[PDB]
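J.: My file is start24.csv. It has CSV, C-alpha atoms:
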```csv
chain,number,residue,atom,x,y,z
E,5,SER,CA,-51.2,-23.0,-152.8
E,6,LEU,CA,-52.8,-22.0,-149.4
E,7,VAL,CA,-54.8,-25.3,-149.4
E,8,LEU,CA,-53.5,-28.6,-150.7
E,9,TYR,CA,-55.8,-29.5,-153.6
E,10,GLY,CA,-55.5,-31.3,-157.0
E,11,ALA,CA,-52.7,-33.7,-157.8
E,12,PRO,CA,-50.5,-32.8,-154.7
E,13,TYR,CA,-53.6,-33.5,-152.5
E,14,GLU,CA,-54.2,-36.8,-154.3
E,15,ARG,CA,-50.6,-37.9,-153.8
E,16,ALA,CA,-50.6,-36.9,-150.1
E,17,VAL,CA,-53.8,-39.0,-149.5
E,18,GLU,CA,-52.1,-41.9,-151.4
E,19,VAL,CA,-49.0,-41.6,-149.1
E,20,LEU,CA,-51.3,-41.5,-145.9
E,21,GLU,CA,-53.1,-44.6,-147.1
E,22,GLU,CA,-49.9,-46.6,-147.7
E,23,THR,CA,-48.6,-45.3,-144.3
E,24,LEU,CA,-51.7,-46.8,-142.7
E,25,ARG,CA,-51.1,-50.1,-144.5
E,26,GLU,CA,-47.3,-50.3,-143.6
E,27,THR,CA,-47.8,-49.3,-140.0
E,28,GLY,CA,-51.2,-50.7,-138.9
E,29,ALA,CA,-52.2,-47.3,-137.5
E,30,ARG,CA,-55.8,-46.2,-137.1
E,31,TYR,CA,-55.7,-42.7,-138.4
E,32,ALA,CA,-53.2,-40.7,-140.4
E,33,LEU,CA,-53.2,-36.9,-140.9
E,34,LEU,CA,-51.1,-34.1,-142.5
E,35,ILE,CA,-51.8,-30.9,-140.7
E,36,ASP,CA,-50.3,-27.5,-140.8
E,37,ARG,CA,-48.7,-25.9,-137.8
E,38,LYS,CA,-51.9,-23.8,-137.3
E,39,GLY,CA,-53.9,-27.1,-136.9
E,40,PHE,CA,-55.6,-27.0,-140.2
E,41,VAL,CA,-56.0,-30.5,-141.8
E,42,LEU,CA,-54.4,-30.7,-145.2
E,43,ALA,CA,-55.2,-34.4,-145.8
E,44,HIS,CA,-56.5,-37.4,-143.7
E,45,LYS,CA,-57.1,-41.1,-144.0
E,46,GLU,CA,-58.6,-43.6,-141.6
E,47,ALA,CA,-58.2,-47.4,-141.6
E,48,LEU,CA,-61.5,-49.1,-142.7
E,49,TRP,CA,-61.4,-51.4,-139.7
E,50,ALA,CA,-61.1,-48.6,-137.1
E,51,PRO,CA,-63.9,-46.8,-135.2
E,52,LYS,CA,-64.9,-43.3,-136.4
E,53,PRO,CA,-62.1,-40.9,-135.2
E,54,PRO,CA,-62.6,-38.0,-132.8
E,55,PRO,CA,-63.5,-34.7,-134.6
E,56,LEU,CA,-60.3,-34.4,-136.7
E,57,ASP,CA,-60.3,-30.6,-136.5
E,58,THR,CA,-60.1,-30.8,-132.7
E,59,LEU,CA,-57.5,-33.5,-132.9
E,60,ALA,CA,-55.4,-31.4,-135.3
E,61,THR,CA,-55.8,-28.2,-133.4
E,62,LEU,CA,-54.7,-29.9,-130.0
E,63,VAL,CA,-51.8,-31.7,-131.8
E,64,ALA,CA,-50.7,-28.3,-133.3
E,65,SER,CA,-51.1,-26.4,-130.0
E,66,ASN,CA,-49.1,-29.0,-128.1
E,67,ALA,CA,-46.4,-28.9,-130.8
E,68,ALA,CA,-46.1,-25.2,-130.4
E,69,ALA,CA,-46.3,-25.5,-126.5
E,70,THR,CA,-43.2,-27.9,-126.5
E,71,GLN,CA,-40.9,-25.5,-128.3
E,72,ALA,CA,-40.2,-23.8,-124.9
E,73,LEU,CA,-38.9,-27.1,-123.6
E,74,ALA,CA,-36.7,-27.8,-126.7
E,75,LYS,CA,-35.3,-24.2,-126.3
E,76,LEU,CA,-34.7,-24.7,-122.6
E,77,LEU,CA,-32.7,-27.8,-123.5
E,78,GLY,CA,-30.7,-25.9,-126.2
E,79,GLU,CA,-32.3,-26.8,-129.5
E,80,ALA,CA,-34.6,-25.0,-131.8
E,81,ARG,CA,-37.6,-27.3,-131.7
E,82,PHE,CA,-38.4,-31.0,-131.4
E,83,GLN,CA,-38.6,-32.9,-134.7
E,84,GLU,CA,-40.6,-35.9,-133.5
E,85,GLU,CA,-42.8,-36.9,-130.5
E,86,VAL,CA,-44.4,-40.1,-129.3
E,87,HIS,CA,-47.1,-40.2,-126.6
E,88,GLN,CA,-48.2,-43.7,-125.3
E,89,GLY,CA,-51.2,-44.7,-123.2
E,90,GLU,CA,-52.1,-48.2,-122.2
E,91,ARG,CA,-53.7,-48.9,-125.5
E,92,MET,CA,-53.6,-45.8,-127.8
E,93,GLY,CA,-50.5,-43.9,-128.8
E,94,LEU,CA,-49.9,-40.7,-130.9
E,95,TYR,CA,-46.9,-40.2,-133.2
E,96,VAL,CA,-46.1,-36.7,-134.6
E,97,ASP,CA,-43.2,-36.0,-137.0
E,98,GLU,CA,-42.2,-32.7,-138.7
E,99,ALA,CA,-43.2,-32.8,-142.4
E,100,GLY,CA,-41.0,-29.9,-143.5
E,101,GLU,CA,-41.3,-26.3,-142.3
E,102,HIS,CA,-45.1,-25.8,-142.1
E,103,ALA,CA,-46.7,-29.3,-141.7
E,104,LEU,CA,-46.8,-32.3,-139.3
E,105,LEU,CA,-47.5,-35.9,-140.0
E,106,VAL,CA,-49.8,-37.4,-137.2
E,107,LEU,CA,-50.4,-41.2,-136.7
E,108,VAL,CA,-52.8,-42.5,-134.1
E,109,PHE,CA,-52.3,-46.2,-133.3
E,110,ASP,CA,-53.1,-49.0,-130.9
E,111,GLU,CA,-51.1,-52.0,-129.6
E,112,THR,CA,-51.5,-53.9,-132.8
E,113,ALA,CA,-49.3,-51.4,-134.5
E,114,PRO,CA,-45.5,-52.2,-133.7
E,115,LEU,CA,-44.1,-48.8,-132.5
E,116,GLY,CA,-40.9,-49.5,-134.5
E,117,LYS,CA,-42.9,-49.8,-137.7
E,118,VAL,CA,-44.9,-46.7,-136.8
E,119,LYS,CA,-41.7,-44.7,-136.4
E,120,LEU,CA,-39.9,-46.2,-139.4
E,121,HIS,CA,-42.6,-45.7,-141.9
E,122,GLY,CA,-43.8,-42.6,-140.2
E,123,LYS,CA,-40.4,-40.9,-140.9
E,124,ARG,CA,-40.4,-42.0,-144.5
E,125,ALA,CA,-44.0,-40.7,-144.9
E,126,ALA,CA,-43.2,-37.3,-143.3
E,127,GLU,CA,-40.3,-36.9,-145.8
E,128,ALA,CA,-42.6,-37.7,-148.7
E,129,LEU,CA,-45.2,-35.4,-147.5
E,130,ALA,CA,-42.6,-32.7,-146.9
E,131,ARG,CA,-41.6,-33.0,-150.5
E,132,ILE,CA,-45.2,-32.7,-151.8
E,133,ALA,CA,-45.9,-29.7,-149.5
E,134,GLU,CA,-42.6,-28.0,-150.3
E,135,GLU,CA,-43.5,-28.0,-154.0
E,136,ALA,CA,-47.1,-27.2,-153.5
E,137,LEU,CA,-47.7,-24.9,-150.5
S,5,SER,CA,-44.6,-36.8,-96.4
S,6,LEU,CA,-45.2,-33.7,-98.4
S,7,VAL,CA,-41.5,-33.4,-99.4
S,8,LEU,CA,-39.3,-36.4,-100.1
S,9,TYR,CA,-36.6,-36.4,-97.4
S,10,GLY,CA,-34.6,-38.9,-95.3
S,11,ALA,CA,-34.1,-42.5,-96.4
S,12,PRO,CA,-36.7,-42.4,-99.2
S,13,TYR,CA,-35.0,-39.3,-100.6
S,14,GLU,CA,-31.6,-41.1,-100.4
S,15,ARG,CA,-32.8,-44.2,-102.2
S,16,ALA,CA,-34.6,-42.1,-104.9
S,17,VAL,CA,-31.3,-40.3,-105.6
S,18,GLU,CA,-29.5,-43.6,-105.7
S,19,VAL,CA,-32.0,-44.9,-108.3
S,20,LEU,CA,-31.6,-41.7,-110.4
S,21,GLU,CA,-27.8,-42.1,-110.4
S,22,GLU,CA,-28.0,-45.7,-111.5
S,23,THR,CA,-30.5,-44.7,-114.1
S,24,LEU,CA,-28.0,-42.2,-115.5
S,25,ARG,CA,-25.3,-44.9,-115.5
S,26,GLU,CA,-27.5,-47.5,-117.2
S,27,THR,CA,-28.9,-45.1,-119.9
S,28,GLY,CA,-26.1,-42.6,-120.6
S,29,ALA,CA,-28.6,-39.7,-120.0
S,30,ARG,CA,-27.5,-36.2,-119.0
S,31,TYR,CA,-30.0,-35.4,-116.4
S,32,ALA,CA,-32.6,-37.4,-114.4
S,33,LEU,CA,-35.3,-35.9,-112.2
S,34,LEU,CA,-38.3,-37.1,-110.2
S,35,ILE,CA,-40.9,-34.4,-110.1
S,36,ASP,CA,-44.4,-34.2,-108.9
S,37,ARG,CA,-47.4,-33.4,-111.2
S,38,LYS,CA,-47.3,-29.7,-109.9
S,39,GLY,CA,-43.7,-29.4,-111.2
S,40,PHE,CA,-41.9,-29.5,-107.9
S,41,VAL,CA,-38.6,-31.4,-108.0
S,42,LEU,CA,-38.5,-34.2,-105.6
S,43,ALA,CA,-35.0,-35.5,-106.5
S,44,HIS,CA,-32.5,-34.8,-109.3
S,45,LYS,CA,-29.1,-36.0,-110.5
S,46,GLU,CA,-26.8,-34.9,-113.3
S,47,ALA,CA,-24.1,-36.9,-115.1
S,48,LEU,CA,-20.6,-35.5,-114.1
S,49,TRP,CA,-19.6,-35.2,-117.8
S,50,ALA,CA,-22.6,-33.1,-118.8
S,51,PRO,CA,-22.9,-29.2,-118.9
S,52,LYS,CA,-24.8,-27.5,-116.1
S,53,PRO,CA,-28.5,-28.1,-116.8
S,54,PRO,CA,-31.1,-25.4,-117.5
S,55,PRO,CA,-32.8,-24.2,-114.2
S,56,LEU,CA,-34.3,-27.4,-113.1
S,57,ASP,CA,-37.4,-25.7,-111.5
S,58,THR,CA,-38.2,-24.3,-114.9
S,59,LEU,CA,-37.6,-27.6,-116.7
S,60,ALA,CA,-39.8,-29.4,-114.2
S,61,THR,CA,-42.6,-26.9,-114.3
S,62,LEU,CA,-42.6,-26.9,-118.2
S,63,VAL,CA,-42.5,-30.8,-118.2
S,64,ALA,CA,-45.4,-30.9,-115.6
S,65,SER,CA,-47.4,-28.2,-117.6
S,66,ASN,CA,-47.0,-30.2,-120.8
S,67,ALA,CA,-48.0,-33.4,-119.1
S,68,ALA,CA,-51.2,-31.8,-117.9
S,69,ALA,CA,-51.8,-30.1,-121.3
S,70,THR,CA,-51.6,-33.5,-123.1
S,71,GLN,CA,-54.4,-35.2,-121.1
S,72,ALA,CA,-57.0,-33.5,-123.4
S,73,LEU,CA,-55.4,-35.4,-126.3
S,74,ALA,CA,-55.3,-38.7,-124.5
S,75,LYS,CA,-59.0,-38.2,-123.6
S,76,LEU,CA,-59.9,-37.1,-127.2
S,77,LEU,CA,-58.4,-40.5,-128.2
S,78,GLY,CA,-60.4,-42.4,-125.6
S,79,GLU,CA,-58.0,-43.0,-122.7
S,80,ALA,CA,-57.5,-41.4,-119.3
S,81,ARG,CA,-54.0,-40.0,-119.7
S,82,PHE,CA,-50.7,-40.9,-121.5
S,83,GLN,CA,-48.3,-42.9,-119.4
S,84,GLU,CA,-45.1,-42.2,-121.3
S,85,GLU,CA,-43.8,-39.6,-123.8
S,86,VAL,CA,-40.6,-39.1,-125.8
S,87,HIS,CA,-39.7,-35.8,-127.6
S,88,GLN,CA,-36.7,-35.9,-129.9
S,89,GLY,CA,-34.7,-33.1,-131.5
S,90,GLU,CA,-31.7,-33.4,-133.7
S,91,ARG,CA,-29.3,-33.9,-130.8
S,92,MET,CA,-31.3,-33.7,-127.4
S,93,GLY,CA,-34.4,-35.8,-126.4
S,94,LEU,CA,-36.7,-35.8,-123.4
S,95,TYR,CA,-38.3,-38.9,-121.9
S,96,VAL,CA,-41.0,-38.7,-119.4
S,97,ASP,CA,-42.7,-41.6,-117.7
S,98,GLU,CA,-45.4,-41.8,-115.0
S,99,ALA,CA,-43.9,-42.7,-111.6
S,100,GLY,CA,-47.1,-43.7,-109.9
S,101,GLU,CA,-50.1,-41.3,-109.3
S,102,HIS,CA,-48.4,-38.1,-108.3
S,103,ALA,CA,-44.8,-38.2,-109.8
S,104,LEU,CA,-43.0,-38.2,-113.2
S,105,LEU,CA,-39.6,-39.6,-114.0
S,106,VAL,CA,-37.8,-37.2,-116.5
S,107,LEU,CA,-34.6,-38.1,-118.5
S,108,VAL,CA,-32.8,-35.7,-120.7
S,109,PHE,CA,-30.4,-37.3,-123.1
S,110,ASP,CA,-28.4,-36.8,-126.3
S,111,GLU,CA,-27.4,-39.1,-129.3
S,112,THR,CA,-24.9,-41.0,-127.2
S,113,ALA,CA,-27.7,-42.5,-125.2
S,114,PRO,CA,-29.5,-45.4,-127.1
S,115,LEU,CA,-33.2,-44.6,-127.0
S,116,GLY,CA,-34.0,-48.2,-126.4
S,117,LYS,CA,-31.8,-48.2,-123.2
S,118,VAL,CA,-33.3,-44.9,-122.1
S,119,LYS,CA,-36.8,-46.4,-122.4
S,120,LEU,CA,-36.0,-49.8,-121.0
S,121,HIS,CA,-34.1,-48.5,-117.9
S,122,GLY,CA,-36.4,-45.5,-117.6
S,123,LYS,CA,-39.4,-47.7,-117.2
S,124,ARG,CA,-37.7,-49.8,-114.5
S,125,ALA,CA,-36.6,-46.6,-112.7
S,126,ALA,CA,-40.2,-45.1,-112.8
S,127,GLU,CA,-41.4,-48.3,-111.2
S,128,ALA,CA,-38.8,-48.2,-108.5
S,129,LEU,CA,-39.4,-44.5,-107.9
S,130,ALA,CA,-43.2,-45.1,-107.8
S,131,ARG,CA,-42.7,-47.7,-105.1
S,132,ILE,CA,-40.5,-45.3,-103.0
S,133,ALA,CA,-43.0,-42.4,-103.5
S,134,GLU,CA,-46.1,-44.6,-102.8
S,135,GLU,CA,-44.7,-45.6,-99.4
S,136,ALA,CA,-43.4,-42.2,-98.6
S,137,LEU,CA,-45.6,-39.3,-99.9
```
Spit out the file's structure as structure tokens when you get a sec.
T.:
Amino acid sequence: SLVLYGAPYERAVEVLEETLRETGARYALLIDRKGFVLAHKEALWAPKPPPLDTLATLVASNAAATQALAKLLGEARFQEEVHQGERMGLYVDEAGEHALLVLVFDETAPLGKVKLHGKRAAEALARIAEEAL
Amino acid sequence: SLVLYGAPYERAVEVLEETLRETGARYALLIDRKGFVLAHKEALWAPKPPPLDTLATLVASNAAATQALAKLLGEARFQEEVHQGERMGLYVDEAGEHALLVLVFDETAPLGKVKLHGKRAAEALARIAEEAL
């Protein structure tokens, strides 16, 4: 597949939903490394997100931009990154070769839970994407 | 001051050294938001770092690059970021208005310690830089 659709798509959304419930994050996305959104889910209590195409293309651009740093420091790429503001934070984890799990969260979501469930979710989504894409 | 020199410089290096000891990080740097290195220290057990001007300019470029994301998500800027590879990770924390504390570390440095002491160090270095620069 070049697009995630059908049962893989259905399962990916189900994983993103459970990830929101387990973390308390606002928004959860699986995106490819070109910034295309493969699946997304938003907590019913959260404000409408920013345009998710923009968000995904900036996350994917930054993820590519950071490889220079990982290589400067002697590794191939980073696998995970957390960016924290006063209120809002952004978690991104590799979901296999060609996808990234993105979680947007506020202070009400314990960063430890965001990381712990986020990692499990990226593995599940990697498995789905490996078989599908 | 436009450069950190004299007693402020001396104290900043002393803070970076204690930060390496408290964290177990490889390399510690205070850099300005233009990527200029104000102070740096390296653990005696670690390999020679990558060119620290390059490292600082890439860290500063990325920090600027990420503001678009923070603003997309409704805040002014991120205050802190962690990037983790299989072995190496990179911690960056705001040190006041015009500087960033950077810690480069491997698996032997507990991320919790890196964050906890890193935050204290960025506050101390902010204080030094506020009075000096």
J.: Please list as an MDAnalysis selection string every residue within 12 Å of residue 25 of chain S, counting all atoms listed in the file and excluding residues in the same chain fewer than 2 positions away.
T.: chainID S and resid 18:23 27:32 45:49 107 109 113 117:118 121:122 125
J.: Considering only C-alpha atoms, tabulate each residue of chain S that lies at most 12 Å from chain E along with its nearest interatomic pair and the corresponding distance in Å to one decimal; arrange the rows by chain and ascending residue number and present them as a tab-separated table.
T.:
```
residue	atom	partner	partner_atom	distance
S:30	CA	E:77	CA	10.9
S:31	CA	E:77	CA	10.7
S:51	CA	E:77	CA	10.9
S:52	CA	E:77	CA	10.8
S:53	CA	E:77	CA	7.9
S:54	CA	E:76	CA	6.3
S:55	CA	E:76	CA	8.6
S:56	CA	E:76	CA	9.9
S:57	CA	E:76	CA	11.5
S:58	CA	E:76	CA	8.5
S:59	CA	E:73	CA	7.0
S:60	CA	E:73	CA	9.7
S:61	CA	E:73	CA	10.0
S:62	CA	E:73	CA	6.5
S:63	CA	E:73	CA	7.5
S:64	CA	E:73	CA	11.0
S:65	CA	E:69	CA	9.4
S:66	CA	E:70	CA	7.2
S:67	CA	E:66	CA	10.1
S:68	CA	E:66	CA	10.8
S:69	CA	E:66	CA	7.4
S:70	CA	E:66	CA	7.2
S:71	CA	E:89	CA	10.2
S:72	CA	E:62	CA	7.9
S:73	CA	E:62	CA	6.7
S:74	CA	E:89	CA	7.4
S:75	CA	E:54	CA	9.9
S:76	CA	E:54	CA	6.3
S:77	CA	E:54	CA	6.7
S:78	CA	E:92	CA	7.9
S:79	CA	E:89	CA	7.0
S:80	CA	E:89	CA	8.1
S:81	CA	E:89	CA	6.5
S:82	CA	E:89	CA	4.2
S:83	CA	E:89	CA	5.1
S:84	CA	E:88	CA	5.3
S:85	CA	E:87	CA	4.4
S:86	CA	E:86	CA	5.3
S:87	CA	E:85	CA	4.4
S:88	CA	E:84	CA	5.3
S:89	CA	E:82	CA	4.3
S:90	CA	E:83	CA	7.0
S:91	CA	E:79	CA	7.8
S:92	CA	E:77	CA	7.2
S:93	CA	E:82	CA	8.0
S:94	CA	E:74	CA	8.7
S:95	CA	E:86	CA	9.7
S:96	CA	E:87	CA	9.6
S:97	CA	E:88	CA	9.6
S:98	CA	E:89	CA	10.5
S:107	CA	E:77	CA	11.6
S:108	CA	E:77	CA	8.4
S:109	CA	E:77	CA	9.8
S:110	CA	E:77	CA	10.4
S:115	CA	E:116	CA	11.8
S:116	CA	E:116	CA	10.7
```
J.: So the first atom is atom CA of residue 132 of chain S and the second is atom CA of residue 35 of chain S; what is the distance between them in Å, to one decimal place?
T.: 13.0 Å
J.: Record the distance separating atom CA of residue 136 of chain E and atom CA of residue 42 of chain E, expressed in Å with one decimal.
T.: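 Between atom CA of residue 136 of chain E and atom CA of residue 42 of chain E the gap is 11.6 Å.
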J.: Could you check how far atom CA of residue 129 of chain S sits from atom CA of residue 17 of chain S, in Å to one decimal?
T.: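 So the two atoms, atom CA of residue 129 of chain S and atom CA of residue 17 of chain S, lie 9.4 Å apart.
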J.: Looking at all atoms listed in the file, which of E:104, E:134, E:6, E:111 is the one that sits closest to residue 33 of chain E?
T.: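 The closest residue to residue 33 of chain E is E:104.
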J.: For a quick check of understanding, using all atoms listed in the file, which of E:38, E:7, E:127, E:106 has the smallest distance to residue 24 of chain E?
T.: E:106
J.: Smallest atom-to-atom distance to residue 10 of chain S: which of S:34, S:99, S:120, S:43, using all atoms listed in the file?
T.: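 The shortest atom-to-atom distance to residue 10 of chain S comes from S:43.
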J.: Write out N, CA and C atoms for segment 99-133 of chain E, as an mmCIF file, keeping the file's coordinate frame.
T.:
```cif
data_model
loop_
_atom_site.group_PDB
_atom_site.id
_atom_site.type_symbol
_atom_site.label_atom_id
_atom_site.label_comp_id
_atom_site.auth_asym_id
_atom_site.auth_seq_id
_atom_site.Cartn_x
_atom_site.Cartn_y
_atom_site.Cartn_z
ATOM 1 N N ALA E 99 -43.167 -32.533 -140.951
ATOM 2 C CA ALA E 99 -43.200 -32.800 -142.400
ATOM 3 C C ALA E 99 -42.781 -31.479 -143.049
ATOM 4 N N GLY E 100 -41.488 -31.207 -143.023
ATOM 5 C CA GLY E 100 -41.000 -29.900 -143.500
ATOM 6 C C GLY E 100 -41.376 -28.716 -142.582
ATOM 7 N N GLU E 101 -41.224 -27.504 -143.088
ATOM 8 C CA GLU E 101 -41.300 -26.300 -142.300
ATOM 9 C C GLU E 101 -42.712 -26.016 -141.658
ATOM 10 N N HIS E 102 -43.743 -26.292 -142.458
ATOM 11 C CA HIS E 102 -45.100 -25.800 -142.100
ATOM 12 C C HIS E 102 -46.151 -26.946 -141.981
ATOM 13 N N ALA E 103 -45.682 -28.189 -141.819
ATOM 14 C CA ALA E 103 -46.700 -29.300 -141.700
ATOM 15 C C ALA E 103 -46.206 -30.375 -140.717
ATOM 16 N N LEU E 104 -47.152 -31.176 -140.207
ATOM 17 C CA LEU E 104 -46.800 -32.300 -139.300
ATOM 18 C C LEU E 104 -47.560 -33.514 -139.717
ATOM 19 N N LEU E 105 -46.884 -34.670 -139.706
ATOM 20 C CA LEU E 105 -47.500 -35.900 -140.000
ATOM 21 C C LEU E 105 -48.030 -36.434 -138.566
ATOM 22 N N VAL E 106 -49.289 -36.879 -138.471
ATOM 23 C CA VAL E 106 -49.800 -37.400 -137.200
ATOM 24 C C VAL E 106 -50.288 -38.841 -137.445
ATOM 25 N N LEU E 107 -49.867 -39.768 -136.613
ATOM 26 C CA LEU E 107 -50.400 -41.200 -136.700
ATOM 27 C C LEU E 107 -50.957 -41.542 -135.345
ATOM 28 N N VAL E 108 -52.197 -42.042 -135.393
ATOM 29 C CA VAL E 108 -52.800 -42.500 -134.100
ATOM 30 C C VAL E 108 -52.849 -44.017 -134.247
ATOM 31 N N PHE E 109 -52.408 -44.719 -133.216
ATOM 32 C CA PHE E 109 -52.300 -46.200 -133.300
ATOM 33 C C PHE E 109 -52.619 -46.870 -132.022
ATOM 34 N N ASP E 110 -52.875 -48.178 -132.118
ATOM 35 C CA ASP E 110 -53.100 -49.000 -130.900
ATOM 36 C C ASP E 110 -51.986 -50.045 -130.773
ATOM 37 N N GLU E 111 -52.142 -51.021 -129.836
ATOM 38 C CA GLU E 111 -51.100 -52.000 -129.600
ATOM 39 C C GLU E 111 -50.758 -52.982 -130.693
ATOM 40 N N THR E 112 -51.665 -53.073 -131.651
ATOM 41 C CA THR E 112 -51.500 -53.900 -132.800
ATOM 42 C C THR E 112 -50.580 -53.354 -133.827
ATOM 43 N N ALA E 113 -50.229 -52.069 -133.675
ATOM 44 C CA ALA E 113 -49.300 -51.400 -134.500
ATOM 45 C C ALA E 113 -47.922 -51.341 -133.778
ATOM 46 N N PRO E 114 -46.900 -52.070 -134.229
ATOM 47 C CA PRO E 114 -45.500 -52.200 -133.700
ATOM 48 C C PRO E 114 -44.961 -50.759 -133.699
ATOM 49 N N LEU E 115 -44.570 -50.259 -132.542
ATOM 50 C CA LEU E 115 -44.100 -48.800 -132.500
ATOM 51 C C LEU E 115 -42.869 -48.650 -133.452
ATOM 52 N N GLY E 116 -41.998 -49.651 -133.567
ATOM 53 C CA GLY E 116 -40.900 -49.500 -134.500
ATOM 54 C C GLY E 116 -41.335 -49.304 -135.913
ATOM 55 N N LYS E 117 -42.385 -50.010 -136.340
ATOM 56 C CA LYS E 117 -42.900 -49.800 -137.700
ATOM 57 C C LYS E 117 -43.569 -48.431 -137.830
ATOM 58 N N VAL E 118 -44.303 -48.032 -136.803
ATOM 59 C CA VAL E 118 -44.900 -46.700 -136.800
ATOM 60 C C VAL E 118 -43.862 -45.647 -137.009
ATOM 61 N N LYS E 119 -42.757 -45.695 -136.226
ATOM 62 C CA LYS E 119 -41.700 -44.700 -136.400
ATOM 63 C C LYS E 119 -40.932 -44.796 -137.744
ATOM 64 N N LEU E 120 -40.647 -46.025 -138.200
ATOM 65 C CA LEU E 120 -39.900 -46.200 -139.400
ATOM 66 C C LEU E 120 -40.594 -45.765 -140.625
ATOM 67 N N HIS E 121 -41.828 -46.200 -140.763
ATOM 68 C CA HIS E 121 -42.600 -45.700 -141.900
ATOM 69 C C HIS E 121 -43.150 -44.316 -141.763
ATOM 70 N N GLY E 122 -43.324 -43.874 -140.522
ATOM 71 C CA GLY E 122 -43.800 -42.600 -140.200
ATOM 72 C C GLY E 122 -42.810 -41.557 -140.704
ATOM 73 N N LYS E 123 -41.531 -41.861 -140.445
ATOM 74 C CA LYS E 123 -40.400 -40.900 -140.900
ATOM 75 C C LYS E 123 -40.376 -40.832 -142.390
ATOM 76 N N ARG E 124 -40.452 -41.973 -143.086
ATOM 77 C CA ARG E 124 -40.400 -42.000 -144.500
ATOM 78 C C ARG E 124 -41.635 -41.192 -145.035
ATOM 79 N N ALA E 125 -42.805 -41.436 -144.449
ATOM 80 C CA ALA E 125 -44.000 -40.700 -144.900
ATOM 81 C C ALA E 125 -43.866 -39.189 -144.694
ATOM 82 N N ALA E 126 -43.331 -38.719 -143.555
ATOM 83 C CA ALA E 126 -43.200 -37.300 -143.300
ATOM 84 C C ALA E 126 -42.218 -36.706 -144.353
ATOM 85 N N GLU E 127 -41.174 -37.446 -144.738
ATOM 86 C CA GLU E 127 -40.300 -36.900 -145.800
ATOM 87 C C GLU E 127 -41.013 -36.822 -147.144
ATOM 88 N N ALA E 128 -41.890 -37.793 -147.429
ATOM 89 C CA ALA E 128 -42.600 -37.700 -148.700
ATOM 90 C C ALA E 128 -43.523 -36.609 -148.712
ATOM 91 N N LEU E 129 -44.232 -36.454 -147.577
ATOM 92 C CA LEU E 129 -45.200 -35.400 -147.500
ATOM 93 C C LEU E 129 -44.602 -34.034 -147.471
ATOM 94 N N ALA E 130 -43.389 -33.920 -146.894
ATOM 95 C CA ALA E 130 -42.600 -32.700 -146.900
ATOM 96 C C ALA E 130 -42.299 -32.262 -148.370
ATOM 97 N N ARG E 131 -41.922 -33.250 -149.171
ATOM 98 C CA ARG E 131 -41.600 -33.000 -150.500
ATOM 99 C C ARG E 131 -42.803 -32.506 -151.301
ATOM 100 N N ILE E 132 -43.948 -33.136 -151.074
ATOM 101 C CA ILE E 132 -45.200 -32.700 -151.800
ATOM 102 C C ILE E 132 -45.549 -31.309 -151.354
ATOM 103 N N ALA E 133 -45.492 -31.005 -150.066
ATOM 104 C CA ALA E 133 -45.900 -29.700 -149.500
ATOM 105 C C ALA E 133 -44.950 -28.654 -149.847
#
```
